[PDB]
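File shown: structure_30.cif. Contents: mmCIF, C-alpha atoms.
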data_final
loop_
_atom_site.label_atom_id
_atom_site.label_comp_id
_atom_site.auth_asym_id
_atom_site.auth_seq_id
_atom_site.Cartn_x
_atom_site.Cartn_y
_atom_site.Cartn_z
CA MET A 1 4.87 -35.74 22.30
CA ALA A 2 5.14 -32.25 20.83
CA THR A 3 8.83 -31.41 21.06
CA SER A 4 9.01 -27.64 21.23
CA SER A 5 12.64 -26.93 20.38
CA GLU A 6 12.56 -23.31 21.46
CA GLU A 7 16.09 -22.36 20.51
CA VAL A 8 16.65 -18.63 20.32
CA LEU A 9 19.05 -18.12 17.50
CA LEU A 10 19.05 -14.33 17.25
CA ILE A 11 18.31 -11.44 19.58
CA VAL A 12 17.03 -8.28 17.90
CA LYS A 13 15.76 -5.17 19.68
CA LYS A 14 14.04 -1.84 19.08
CA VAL A 15 11.63 -3.21 16.49
CA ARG A 16 8.32 -1.41 16.16
CA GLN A 17 5.46 -3.65 15.19
CA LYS A 18 1.74 -2.85 15.58
CA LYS A 19 2.68 0.71 16.59
CA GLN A 20 4.88 -0.68 19.39
CA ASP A 21 8.61 -1.29 19.42
CA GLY A 22 10.05 -4.26 21.15
CA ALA A 23 12.39 -7.12 20.62
CA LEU A 24 12.36 -9.68 17.88
CA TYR A 25 13.77 -13.06 18.83
CA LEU A 26 14.61 -15.67 16.25
CA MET A 27 14.42 -19.38 16.97
CA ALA A 28 15.57 -22.56 15.23
CA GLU A 29 12.01 -23.28 14.20
CA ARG A 30 10.36 -19.86 14.28
CA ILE A 31 10.39 -16.09 14.59
CA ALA A 32 8.81 -14.30 17.54
CA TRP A 33 8.51 -10.62 18.30
CA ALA A 34 7.81 -9.16 21.71
CA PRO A 35 7.05 -5.52 22.68
CA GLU A 36 9.65 -3.65 24.77
CA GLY A 37 8.98 -4.35 28.42
CA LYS A 38 6.91 -7.43 27.80
CA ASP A 39 8.07 -11.05 27.96
CA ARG A 40 5.24 -11.95 25.66
CA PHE A 41 5.72 -12.68 22.00
CA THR A 42 2.77 -11.12 20.27
CA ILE A 43 4.14 -12.32 16.98
CA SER A 44 5.24 -15.90 16.46
CA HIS A 45 5.46 -17.47 13.02
CA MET A 46 6.92 -20.79 12.12
CA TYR A 47 9.41 -20.79 9.24
CA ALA A 48 7.12 -23.38 7.67
CA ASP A 49 4.42 -20.69 7.54
CA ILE A 50 6.65 -17.90 6.31
CA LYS A 51 7.12 -18.11 2.56
CA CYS A 52 9.70 -15.38 2.09
CA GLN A 53 11.15 -12.16 3.49
CA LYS A 54 11.20 -8.67 2.05
CA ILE A 55 13.38 -5.80 3.24
CA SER A 56 13.23 -2.05 2.73
CA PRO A 57 15.77 -0.37 0.39
CA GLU A 58 19.13 0.37 2.00
CA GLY A 59 20.31 3.91 2.64
CA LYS A 60 17.10 4.83 4.41
CA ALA A 61 16.34 5.73 8.02
CA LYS A 62 13.72 2.98 8.08
CA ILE A 63 14.83 -0.61 8.51
CA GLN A 64 11.65 -2.38 7.53
CA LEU A 65 11.32 -6.14 7.24
CA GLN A 66 8.27 -7.76 5.70
CA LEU A 67 7.76 -11.51 5.76
CA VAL A 68 5.08 -13.14 3.65
CA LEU A 69 3.37 -16.26 4.90
CA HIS A 70 2.12 -19.08 2.61
CA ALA A 71 -1.44 -18.63 3.90
CA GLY A 72 -1.28 -15.28 2.18
CA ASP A 73 -0.18 -13.36 5.18
CA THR A 74 2.72 -11.27 6.13
CA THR A 75 4.90 -9.99 8.95
CA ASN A 76 6.06 -6.34 8.86
CA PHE A 77 8.75 -5.05 11.25
CA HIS A 78 10.34 -1.64 11.82
CA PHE A 79 13.88 -1.91 13.13
CA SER A 80 14.23 1.48 14.75
CA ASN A 81 17.54 0.51 16.35
CA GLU A 82 19.63 3.07 14.40
CA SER A 83 22.79 1.42 15.75
CA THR A 84 22.30 -2.08 14.34
CA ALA A 85 18.87 -1.85 12.63
CA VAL A 86 20.29 -2.62 9.20
CA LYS A 87 22.59 -5.41 10.44
CA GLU A 88 19.79 -6.80 12.62
CA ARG A 89 17.37 -7.06 9.68
CA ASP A 90 20.25 -8.48 7.68
CA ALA A 91 21.19 -11.26 10.09
CA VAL A 92 17.46 -11.74 10.53
CA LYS A 93 16.78 -11.95 6.79
CA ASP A 94 19.75 -14.29 6.58
CA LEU A 95 18.90 -16.46 9.61
CA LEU A 96 15.26 -16.77 8.61
CA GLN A 97 16.33 -17.47 5.05
CA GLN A 98 18.44 -20.21 6.58
CA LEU A 99 15.71 -21.90 8.61
CA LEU A 100 12.97 -20.96 6.15
CA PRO A 101 14.02 -23.55 3.48
CA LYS A 102 14.70 -25.91 6.39
CA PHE A 103 10.95 -25.78 7.04
CA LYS A 104 9.84 -24.90 3.51
CA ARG A 105 6.21 -25.99 3.45
CA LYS A 106 4.18 -26.46 0.26
CA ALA A 107 2.99 -23.18 -1.20
CA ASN A 108 -0.75 -23.25 -0.65
CA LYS A 109 -1.74 -21.10 -3.60
CA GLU A 110 -5.17 -22.67 -3.24
CA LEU A 111 -5.36 -20.82 0.06
CA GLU A 112 -3.48 -17.75 -1.19
CA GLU A 113 -6.11 -16.99 -3.83
CA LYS A 114 -8.77 -17.51 -1.18
CA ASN A 115 -7.14 -15.20 1.38
CA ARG A 116 -6.38 -12.59 -1.29
CA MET A 117 -10.03 -12.65 -2.41
CA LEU A 118 -11.21 -12.07 1.09
CA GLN A 119 -8.91 -9.06 1.32
CA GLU A 120 -9.89 -7.56 -2.03
CA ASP A 121 -13.64 -8.09 -1.76
CA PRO A 122 -15.12 -7.02 1.61
CA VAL A 123 -18.53 -8.31 0.55
CA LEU A 124 -17.22 -11.73 -0.39
CA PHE A 125 -15.53 -12.05 2.99
CA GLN A 126 -18.72 -10.77 4.64
CA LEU A 127 -20.94 -13.40 2.99
CA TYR A 128 -18.24 -15.90 3.89
CA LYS A 129 -18.87 -15.21 7.57
CA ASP A 130 -22.57 -15.00 6.86
CA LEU A 131 -22.98 -18.38 5.17
CA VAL A 132 -19.87 -20.49 5.78
CA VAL A 133 -19.59 -19.39 9.39
CA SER A 134 -23.31 -19.87 10.07
CA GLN A 135 -22.78 -23.43 8.85
CA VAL A 136 -25.21 -22.62 6.05
CA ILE A 137 -22.90 -24.23 3.51
CA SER A 138 -19.30 -25.39 3.30
CA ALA A 139 -16.49 -22.99 2.42
CA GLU A 140 -15.94 -24.58 -0.98
CA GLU A 141 -19.62 -24.08 -1.87
CA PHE A 142 -19.20 -20.33 -1.64
CA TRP A 143 -15.70 -20.48 -3.09
CA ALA A 144 -17.01 -22.51 -6.03
CA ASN A 145 -18.88 -19.51 -7.39
CA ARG A 146 -16.30 -16.94 -6.26
CA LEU A 147 -12.94 -18.34 -7.28
CA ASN A 148 -14.30 -18.49 -10.80
CA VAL A 149 -15.45 -14.87 -10.58
CA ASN A 150 -13.95 -12.19 -8.41
CA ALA A 151 -16.20 -9.16 -8.63
CA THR A 152 -18.07 -7.30 -5.86
CA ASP A 153 -21.07 -7.15 -8.14
CA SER A 154 -21.30 -10.92 -8.18
CA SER A 155 -19.94 -11.20 -4.62
CA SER A 156 -23.28 -9.73 -3.51
CA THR A 157 -24.57 -13.24 -4.13
CA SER A 158 -23.37 -16.75 -3.29
#
Any chance you could put this one into structure tokens?
Amino acid sequence: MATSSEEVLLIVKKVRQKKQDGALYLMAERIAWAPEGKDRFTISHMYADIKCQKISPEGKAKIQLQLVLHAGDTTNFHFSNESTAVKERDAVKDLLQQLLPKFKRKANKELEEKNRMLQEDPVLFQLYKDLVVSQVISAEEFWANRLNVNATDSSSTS
């Protein structure tokens, strides 16, 4: 069956994400953040999905952590816990960086360029939902003429 080894490895608190501070819990196989007062992780990424981690420059009153997922995503966190914020992001950066290679999945650059194109060109992503979502054509059909040319002028067409 699906063995969910939910092993909380680190307990981090006072982390503002999505304009709401909470608690970020690390697990053997993933990272999950919950808002303060809620037992619900509104953020849960598997190390296999997280490519790397970025942290804000030290000596600042803003402990910010930013993970980047292989799909071409990310995970930004604001450790507002002035008491251990820095150390929390540190042990976090370290712990994740420990389990991250443990679950290091293949870098899907094929997907990265796709995701990044959908973020850059709002029209491209619009037509994507228009055609590919309406089952008008497959995703690669649209991508075929877009991956080779990323320009909103051309994105106005298939």
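Counting all atoms listed in the file, residue 21 of chain A has the following residues at most 8 Å away, ignoring those fewer than 5 positions along the same chain: residues 14, 15, 16, 35, 36, 78 and 80 of chain A.
For the point (6.0, -17.1, 2.9) in file coordinates, the residues within 7 Å, using all atoms listed in the file, are residues 49, 50, 51, 52, 67, 68, 69 and 70 of chain A.
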Using the chain letters and numbers from the file, which residues does the PyMOL selection byres ((chain A and resi 95-107) around 12) grab, as an mmCIF file with C-alpha atoms, in the frame of the given file?
data_model
loop_
_atom_site.group_PDB
_atom_site.id
_atom_site.type_symbol
_atom_site.label_atom_id
_atom_site.label_comp_id
_atom_site.auth_asym_id
_atom_site.auth_seq_id
_atom_site.Cartn_x
_atom_site.Cartn_y
_atom_site.Cartn_z
ATOM 1 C CA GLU A 7 16.090 -22.360 20.510
ATOM 2 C CA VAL A 8 16.650 -18.630 20.320
ATOM 3 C CA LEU A 9 19.050 -18.120 17.500
ATOM 4 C CA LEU A 10 19.050 -14.330 17.250
ATOM 5 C CA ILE A 11 18.310 -11.440 19.580
ATOM 6 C CA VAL A 12 17.030 -8.280 17.900
ATOM 7 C CA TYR A 25 13.770 -13.060 18.830
ATOM 8 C CA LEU A 26 14.610 -15.670 16.250
ATOM 9 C CA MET A 27 14.420 -19.380 16.970
ATOM 10 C CA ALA A 28 15.570 -22.560 15.230
ATOM 11 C CA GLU A 29 12.010 -23.280 14.200
ATOM 12 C CA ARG A 30 10.360 -19.860 14.280
ATOM 13 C CA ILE A 31 10.390 -16.090 14.590
ATOM 14 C CA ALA A 32 8.810 -14.300 17.540
ATOM 15 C CA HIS A 45 5.460 -17.470 13.020
ATOM 16 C CA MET A 46 6.920 -20.790 12.120
ATOM 17 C CA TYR A 47 9.410 -20.790 9.240
ATOM 18 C CA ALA A 48 7.120 -23.380 7.670
ATOM 19 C CA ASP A 49 4.420 -20.690 7.540
ATOM 20 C CA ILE A 50 6.650 -17.900 6.310
ATOM 21 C CA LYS A 51 7.120 -18.110 2.560
ATOM 22 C CA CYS A 52 9.700 -15.380 2.090
ATOM 23 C CA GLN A 53 11.150 -12.160 3.490
ATOM 24 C CA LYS A 54 11.200 -8.670 2.050
ATOM 25 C CA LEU A 65 11.320 -6.140 7.240
ATOM 26 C CA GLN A 66 8.270 -7.760 5.700
ATOM 27 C CA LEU A 67 7.760 -11.510 5.760
ATOM 28 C CA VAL A 68 5.080 -13.140 3.650
ATOM 29 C CA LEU A 69 3.370 -16.260 4.900
ATOM 30 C CA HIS A 70 2.120 -19.080 2.610
ATOM 31 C CA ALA A 71 -1.440 -18.630 3.900
ATOM 32 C CA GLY A 72 -1.280 -15.280 2.180
ATOM 33 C CA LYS A 87 22.590 -5.410 10.440
ATOM 34 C CA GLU A 88 19.790 -6.800 12.620
ATOM 35 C CA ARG A 89 17.370 -7.060 9.680
ATOM 36 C CA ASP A 90 20.250 -8.480 7.680
ATOM 37 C CA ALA A 91 21.190 -11.260 10.090
ATOM 38 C CA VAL A 92 17.460 -11.740 10.530
ATOM 39 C CA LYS A 93 16.780 -11.950 6.790
ATOM 40 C CA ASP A 94 19.750 -14.290 6.580
ATOM 41 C CA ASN A 108 -0.750 -23.250 -0.650
ATOM 42 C CA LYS A 109 -1.740 -21.100 -3.600
ATOM 43 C CA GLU A 110 -5.170 -22.670 -3.240
ATOM 44 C CA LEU A 111 -5.360 -20.820 0.060
ATOM 45 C CA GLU A 112 -3.480 -17.750 -1.190
ATOM 46 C CA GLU A 113 -6.110 -16.990 -3.830
#
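The space between atom CA of residue 150 of chain A and atom CA of residue 135 of chain A spans 22.4 Å.
Reported to one decimal place, the separation of atom CA of residue 86 of chain A from atom CA of residue 43 of chain A is 20.4 Å.
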Subject >> Separation of atom CA of residue 18 of chain A from atom CA of residue 124 of chain A in Å >> reply: 26.3 Å
Original post:
Which residue gives the smallest distance to residue 44 of chain A among A:154, A:75, A:119, A:126, with only C-alpha atoms counted?
Top reply: A:75
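The list of residues with at least one atom within 8 Å of residue 142 of chain A, based on only C-alpha atoms and without residues fewer than 4 positions apart in the same chain, reads residues 128, 132, 137, 138, 146 and 158 of chain A.
Candidate residues A:2, A:58, A:39, A:77 were compared for distance to residue 17 of chain A, and the nearest is A:77, using all atoms listed in the file.
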Taking all atoms of segment 126-141 of chain A that appear in the file, build a box with edges along x, y and z, extend it by 4 Å on every side, and state its centre and edge lengths in Å to one decimal, as lines of an AutoDock Vina configuration file.
center_x = -20.6
center_y = -18.1
center_z = 4.1
size_x = 17.3
size_y = 22.6
size_z = 19.9
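Residue nearest residue 74 of chain A within the list A:60, A:144, A:153, A:115: A:115 [criterion: smallest interatomic distance, only C-alpha atoms].
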Original post:
Can you tell me, as a PyMOL selection string, which residues sit within 12 Å of (-15.2, -8.7, -6.7) in the file's frame, using only C-alpha atoms?
Top reply: chain A and resi 116-125+145-158
Output segment 48-61 of chain A with N, CA, C and O atoms present, as a compact mmCIF listing (two decimals), in the coordinates of the input.
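Written file, selection.txt:
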# COMPACT_ATOMS: atom_id res chain seq x y z
N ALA A 48 7.94 -22.60 8.58
CA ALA A 48 7.12 -23.38 7.67
C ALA A 48 5.90 -22.59 7.18
O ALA A 48 5.30 -22.93 6.17
N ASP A 49 5.56 -21.53 7.90
CA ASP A 49 4.42 -20.69 7.54
C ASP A 49 4.87 -19.47 6.78
O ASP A 49 4.12 -18.91 5.99
N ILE A 50 6.11 -19.06 6.99
CA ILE A 50 6.65 -17.90 6.31
C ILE A 50 7.19 -18.33 4.95
O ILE A 50 8.07 -19.19 4.88
N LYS A 51 6.67 -17.75 3.89
CA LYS A 51 7.12 -18.11 2.56
C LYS A 51 8.46 -17.46 2.25
O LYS A 51 9.44 -18.13 1.94
N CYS A 52 8.49 -16.14 2.38
CA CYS A 52 9.70 -15.38 2.09
C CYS A 52 9.79 -14.11 2.92
O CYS A 52 8.88 -13.79 3.69
N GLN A 53 10.90 -13.40 2.77
CA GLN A 53 11.15 -12.16 3.49
C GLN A 53 11.50 -11.03 2.54
O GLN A 53 12.22 -11.22 1.55
N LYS A 54 10.97 -9.86 2.83
CA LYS A 54 11.20 -8.67 2.05
C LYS A 54 11.80 -7.60 2.95
O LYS A 54 11.40 -7.47 4.10
N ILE A 55 12.76 -6.86 2.45
CA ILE A 55 13.38 -5.80 3.24
C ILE A 55 13.35 -4.47 2.51
O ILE A 55 13.38 -4.42 1.28
N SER A 56 13.27 -3.39 3.28
CA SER A 56 13.23 -2.05 2.73
C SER A 56 14.57 -1.67 2.11
O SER A 56 15.62 -2.15 2.55
N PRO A 57 14.55 -0.82 1.07
CA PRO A 57 15.77 -0.37 0.39
C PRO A 57 16.78 0.24 1.35
O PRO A 57 16.43 1.03 2.23
N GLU A 58 18.04 -0.12 1.16
CA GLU A 58 19.13 0.37 2.00
C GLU A 58 19.36 1.87 1.78
O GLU A 58 18.92 2.45 0.77
N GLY A 59 20.03 2.50 2.73
CA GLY A 59 20.31 3.91 2.64
C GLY A 59 19.15 4.75 3.10
O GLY A 59 19.00 5.91 2.71
N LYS A 60 18.26 4.14 3.88
CA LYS A 60 17.10 4.83 4.41
C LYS A 60 17.11 4.76 5.93
O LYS A 60 17.72 3.87 6.51
N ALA A 61 16.41 5.69 6.56
CA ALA A 61 16.34 5.73 8.02
C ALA A 61 15.19 4.86 8.53
O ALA A 61 14.67 5.07 9.62
